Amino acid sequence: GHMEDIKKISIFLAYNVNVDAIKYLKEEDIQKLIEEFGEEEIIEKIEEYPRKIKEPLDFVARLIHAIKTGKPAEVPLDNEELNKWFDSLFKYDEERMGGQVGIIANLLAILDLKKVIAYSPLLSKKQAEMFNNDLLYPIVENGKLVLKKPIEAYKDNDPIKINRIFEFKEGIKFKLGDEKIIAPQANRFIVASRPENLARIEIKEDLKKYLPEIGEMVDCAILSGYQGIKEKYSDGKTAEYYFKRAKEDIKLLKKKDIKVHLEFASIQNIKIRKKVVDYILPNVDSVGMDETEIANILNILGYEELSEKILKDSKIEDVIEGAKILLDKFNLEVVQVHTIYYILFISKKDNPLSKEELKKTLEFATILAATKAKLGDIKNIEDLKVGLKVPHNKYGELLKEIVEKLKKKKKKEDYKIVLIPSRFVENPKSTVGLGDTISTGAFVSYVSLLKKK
């Protein structure tokens, strides 16, 4: 319980919240779709490969197409006027809080943090009910900034962003025409739209003036959702407009002294990914990422040779070298890299924390990650004891010894490098958003130990 000095942490979170409505597909389900829509019409439609869903058949064909590959896919609805028709035709099994803000803010509430301020542009009644009741939502009433609970700041008439997810296990089998189909791998087919018509990824004009005020009452922030920003919008606005104003929010928050953290998401649009590199990464204090994304960042900065060595081979010496480049280039205090086997932490030599403390930050991150992996969602702090029963990966212990040897050889260590093995869960319940869980655990723990000093 001593580690839980974190409960003394207050934190601000923006920008992405949504509702996840999940269907857990079984063979019978796909069978009913085949019967109700027909085999030839689906087969013909799969050849068509619609890029957006306009008629119910589009969804049937793209869902089956994806199931054939075992690879992930996202197709938006053609128009938000089809939402309620879609939800009555293809009903969900369960509804849930989605989005990096909504998921992590709810977890930080369950971890009893001092103050957790979460912000999203849309706050419909159904959405606001998904929040943990301890969360605070910023509001400007009567020329003053007021933190109120979400079930008391919601607005009727507000739309609701919903991600429709269809989960299919490995090996789900069904016939289509003569083609017998087997799921090569477990994957999820997602029906969802990036915001344009209904909302945008930004702090509204009214709240902007109060960002520095939010900066005073908060020890740290975690910002996310930049993968939802579009290159061009119909109203003539562009990614640059929103990325510029996203840069402004970080700068307004940092008039006062806070740490800002970013978890580097897997943005498949390279032009929007390059925007995150240019507008967000240089202005932030902490970053977390996997092996794939550091190579993707190194490739944007021009280290093409290094990027492929990490991608092809994954040697820890190369990941450490790539993390050192990120640390020195961008005004960062720390860089975090996570893989199924290890978590790596690097900070300049003048970091107020000791190598001993940095390892404690990491230890707590592996426990929290292992709790969620074995239990699915975390619902209580008691659950962290389940993660403590998960032992360290044996190959990571080997990498720890390797890093220790590396450090002894070099003449000057102007850096603090700490690696611990992960608490791998072999037959995990869930794997989604595990990266945000680990990265948040280490960052919050890191902010704690800084605050004690």
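One rule holds for the numbers: they count along the sequence shown, beginning at 1.
- As recorded in the PDB entry, 381 to 389 is the stretch of 381 to 389 and 415 to 423 with the greater mean C-alpha temperature factor.
- Just going by the entry, 318 to 326 versus 141 to 149 on mean CA temperature factor gives the higher value to 141 to 149.
- Per the PDB record, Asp350 has a higher Cα B-factor than any other of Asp78, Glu263, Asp350, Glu291.
- Across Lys125, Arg273, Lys230, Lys115, the greatest Cα temperature factor reported in the deposited entry is at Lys125.
- Sort the modelled residues of the chain by CA B factor and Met3 lands in the highest third.
- In the PDB entry, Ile182 places in the highest third of its chain by CA B-factor.
- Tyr242: CA B factor in the middle third of modelled residues in this chain (values from the PDB entry).
- Sort the modelled residues of the chain by CA B factor and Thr339 lands in the middle third.
- In this PDB entry, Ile172 carries a Cα temperature factor that places it within the highest third of its chain's modelled residues.
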